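In what follows, a single structure is set out as structure tokens and then discussed.
Any value given below was found using the heavy atoms of this structure, including those in side chains, with hydrogens, waters and symmetry copies removed. Below, chains carry the letters A, B, ... as their sequence lines are ordered, and counting in each starts from 1.
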Amino acid sequence: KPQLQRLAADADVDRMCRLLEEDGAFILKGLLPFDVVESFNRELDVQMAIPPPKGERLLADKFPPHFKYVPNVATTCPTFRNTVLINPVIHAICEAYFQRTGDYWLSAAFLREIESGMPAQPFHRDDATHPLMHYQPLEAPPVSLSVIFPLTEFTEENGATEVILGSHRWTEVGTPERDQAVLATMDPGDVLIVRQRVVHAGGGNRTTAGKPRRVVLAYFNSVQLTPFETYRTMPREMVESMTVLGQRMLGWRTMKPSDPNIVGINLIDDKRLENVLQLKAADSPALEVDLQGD
Amino acid sequence: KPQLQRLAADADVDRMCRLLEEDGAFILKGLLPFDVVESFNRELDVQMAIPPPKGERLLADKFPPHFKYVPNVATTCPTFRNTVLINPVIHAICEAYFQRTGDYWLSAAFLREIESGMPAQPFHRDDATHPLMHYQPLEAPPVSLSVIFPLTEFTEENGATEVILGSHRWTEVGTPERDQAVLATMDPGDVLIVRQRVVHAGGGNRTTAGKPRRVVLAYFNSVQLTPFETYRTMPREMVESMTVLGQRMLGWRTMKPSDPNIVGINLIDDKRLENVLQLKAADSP
Ligand SMILES: O=C(O)CCC(=O)C(=O)O
Ligand SMILES: [Cl-]
Ligand SMILES: [Co+2]
Ligand SMILES: [Co+2]
Ligand SMILES: [Fe+2]
């Protein structure tokens with residue numbers, strides 16, 4: 001079977017965009033160096049070690065207590081917020097992918113851990129958080145991109161993501177056979193990029209030695225789509241320590257859907273949100289050198 | 001020609017919903033009493049009295065200077081924020097209309113004032129703010145509702161909204177004639193309700209001398225769609241003074257698109273936004 005293509009970080013962006021259109025998915029090999037990955041895993045370990053709260057938890061309360069989940073990792077994991085989330089290759093791909101849609105931002109990024117002995121997910125499309133996506137025709141400009149970070153090894157045995165190449169062109173998911181899919185076997189620091197409507201499934205984890213498979217799932221959506229996670233409660237000091245791009249990803253700035261929206265979105269007082277908030281950013285001084293950068 | 005149906009404010013919501021699916025629009029007679037209209041007009045006069053600003057204006061700068069415009073009137077006009085925005089008839093309609101898509105909220109509510117001698121808009125559908133709406137099939141759950149508040153009288157001369165009934169079923173706008181439309185002639189306190197995909201046009205204002213025509217346009221959208229105006233800079237005191245319904249409309253609470261979304265949207269820390277913020281509300285201890 002034709003396999004997922006693995007591309008280095010300096011690969012051609014037009015090529016990556018065409019892989020998304022033809023295959024529906026590809027892998028960035030070794031995008032994140034091992035020390036970034038392990039610093040991220042460490043930050044994630046701290047979050048998972050927090051004791052269970054007494055209050056309501058919207059997703060977690062629907063699952064048994066062994067459910068392993070860290071929501072909105074950008075607020076508790078500085079490595080994701082300051083390094084992974086603003087990676088320039090990821091954003092080069094997003095800008096090409098979202099060219100017909102306009103601006104994009106982060107809808108969600110969260111950890112899942114899949115224990116030994118777990119079965120494989122059913123094949124599905126990622127059209128449930130924003131159900132209107134189910135009715136978008138294939139020809140419409142895409143409004144969502146799934147970006148998948150393996151934080152342990154993904155192998156055939158521990159449940160590497162199953163992707164059915166070309167399936168974004170299918171009318172319905174139906175009930176595909178597992179052998180129609182190819183495996184996104186990867187090393188931590190690789191990244192899997194999956195186009196909207198592509199049929200896929202988590203592979204579960206069929207190892208028996210008790211080693212979980214860890215994954216962070218990020219959804220970059222058209223700014224027309226409401227973020228699943230709202231980063232509005234971040235403290236100002238944390239927000240201002242981010243770059244402009246990171247503030248844009250986390251909903252703190254006015255954004256621009258494609259024409260025929262000629263104005264923008266996420267604004268107030270007919271002004272940009274960042275101006276009403278007088279928001280500073282870490283790389284403002286580099287983006288405005290001679291004071292005439294408009 | 002069939003005209004826009006005028007309904008008493010206490011008409012049956014099943015009748016309103018049927019008019020939206022057959023005609024695509026209808027008028028509510030005297031929904032807002034005179035004191036509400038007058039209170040609202042007072043508050044909008046204070047905003048109109050603000051001098052032209054010294055900086056960028058994202059919307060207004062795209063248009064000629066005879067553009068009169070007050071953005072996000074919920075943050076400056078208490079009568080809209082705590083009375084009009086939470087009108088139980090509007091919301092009865094919204095709940096019925098959005099039943100297939102789930103929760104809705106306020107994408108924008110703003111004032112426009114149309115001067116004498118202004119030409120009509122071309123016929124259009126309101127699918128420009130969220131361009132993805134252009135590609136949704138007719139049969140898909142609607143994600144947007146237009147709610148139009150005349151704040152002066154709407155007459156044939158001063159540019160009452162032109163609405164083409166049943167045109168939500170057209171595959172495209174085409175090149176329709178003005179006589180295919182009917183006029184939303186109204187008195188202050190009435191409300192015009194327009195379904196997604198309905199071809200319509202602002203009438204401009206072809207009076208020759210007279211007070212400008214004044215209208216507040218409110219867009220209620222599925223909570224799946226990012227609000228055009230963000231109300232997140234409202235003071236905590238102002239937010240907590242509102243009802244739960246008001247806070248939900250202005251984006252301060254976790255909301256719920258229809259299944260298969262089984263968790264919600266606009267949340268954080270796997271908790272409701274209002275619980276993370278410890279938000280009080282007027283009608284909620
Ligand atoms: O990565 C996996 O194992 C499943 C990923 C997935 O289902 C998704 O990104 O929607
Ligand atoms: Cl703060
Ligand atoms: Co999925
Ligand atoms: Co319009
Ligand atoms: Fe004619």
Side-chain angles (χ1 to χ4, degrees), chain A residues 53 55-62 69-72 75-76 101-102 105 107 110 127-137 139-141 143 222-233 251 254-255 257-273 275-277, chain B residues 53 55-62 69-72 75 101-102 105 107 110 127-137 139-141 143 222-234 251 254-255 257-273 275-277:
Chain A
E56 174 189 43
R57 290 301 190 276
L58 297 168
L59 179 77
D61 288 353
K62 310 184 169 299
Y69 171 64
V70 178
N72 45 268
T75 68
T76 56
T101 325
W105 52 14
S107 186
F110 54 94
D127 58 2
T129 303
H130 294 86
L132 67 83
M133 286 176 61
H134 193 65
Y135 310 95
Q136 288 274 111
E139 181 256 303
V143 293
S222 172
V223 298
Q224 300 175 68
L225 294 184
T226 300
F228 176 71
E229 291 162 355
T230 173
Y231 301 98
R232 66 202 280 171
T233 62
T254 292
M255 307 288 280
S258 153
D259 297 358
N261 186 328
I262 64 165
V263 181
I265 207 170
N266 198 32
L267 43 72
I268 188 59
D269 300 329
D270 206 16
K271 308 204 296 290
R272 303 179 193 185
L273 170 62
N275 291 328
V276 173
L277 295 173
Chain B
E56 163 183 69
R57 282 313 175 276
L58 302 166
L59 190 300
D61 286 351
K62 308 291 184 299
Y69 171 72
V70 185
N72 41 264
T75 71
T101 203
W105 54 13
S107 184
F110 59 88
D127 62 359
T129 305
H130 296 80
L132 67 81
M133 290 175 49
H134 182 65
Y135 308 87
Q136 296 261 118
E139 300 84 6
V143 297
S222 162
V223 298
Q224 302 179 62
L225 296 178
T226 300
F228 179 68
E229 294 167 346
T230 180
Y231 304 100
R232 65 198 276 175
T233 65
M234 288 171 70
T254 297
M255 308 290 281
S258 74
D259 290 354
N261 178 313
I262 55 108
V263 178
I265 207 170
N266 198 41
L267 45 104
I268 190 64
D269 300 328
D270 202 17
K271 290 164 63 185
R272 305 189 185 273
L273 173 63
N275 289 346
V276 167
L277 294 173

Give the member of [options] that has the highest number of heavy-atom pairs under 4.5 Å with chain A.
| options | answer |
| --- | --- |
| B:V70, B:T101, B:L225, B:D127 | B:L225 |
| B:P71, B:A140, B:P131, B:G251 | B:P131 |
| B:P53, B:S107, B:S258 | B:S258 |
| B:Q136, B:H134, B:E229 | B:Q136 |
| B:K271, B:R57, B:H130 | B:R57 |

Answer with side chain, backbone, both or neither: which region of [X] has an atom nearer than 4.5 Å to a non-hydrogen atom of chain A?
| X | answer |
| --- | --- |
| B:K62 | side chain |
| B:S222 | neither |
| B:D61 | neither |
| B:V223 | backbone |
| B:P260 | both |
| B:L277 | side chain |
| B:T233 | side chain |

Q) In Å and rounded to the nearest 0.5 Å, what is the CG to CE distance from B:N261 to A:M133? A) 12.0 Å
Ignoring hydrogens and angles, tell me if any N or O in the side chain of [X] forms a donor-acceptor pair with the backbone of [Y] under 3.5 Å.
| X | Y | answer |
| --- | --- | --- |
| A:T230 | B:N266 | no |
| B:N72 | A:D269 | yes |
| A:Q224 | B:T226 | no |
| B:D270 | A:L59 | yes |

Q. Which heavy atom in B:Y135 sits nearest to a heavy atom in A:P137, and how many Å separate them?
A. O-CD, 3.1 Å
Q) Between B:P227 and A:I265, which heavy-atom pair has the shortest distance, and what is it? A)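 Nearest pair, atom of B:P227 first, then A:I265: O-CG1, 3.8 Å.
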Q | Note: A:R272-B:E56 ion pair, threshold 4.0 Å (strictly below) | A |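 Judged by the 4.0 Å cut-off on N to carboxylate O distance, A:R272 and B:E56 do form a salt bridge.
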Between [X] and chain B, with a heavy-atom cut-off of 4.5 Å, which part of the residue counts as in contact: side chain, backbone, both or neither?
| X | value |
| --- | --- |
| A:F110 | neither |
| A:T76 | neither |
| A:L273 | side chain |
| A:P257 | side chain |
| A:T75 | side chain |

Q. Is any side-chain heavy atom of B:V263 closer than 4.5 Å to a side-chain heavy atom of A:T129?
A. no
**Q.** B:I268 side chain reached by A:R232 side chain, heavy atoms, under 4.5 Å
**A.** no
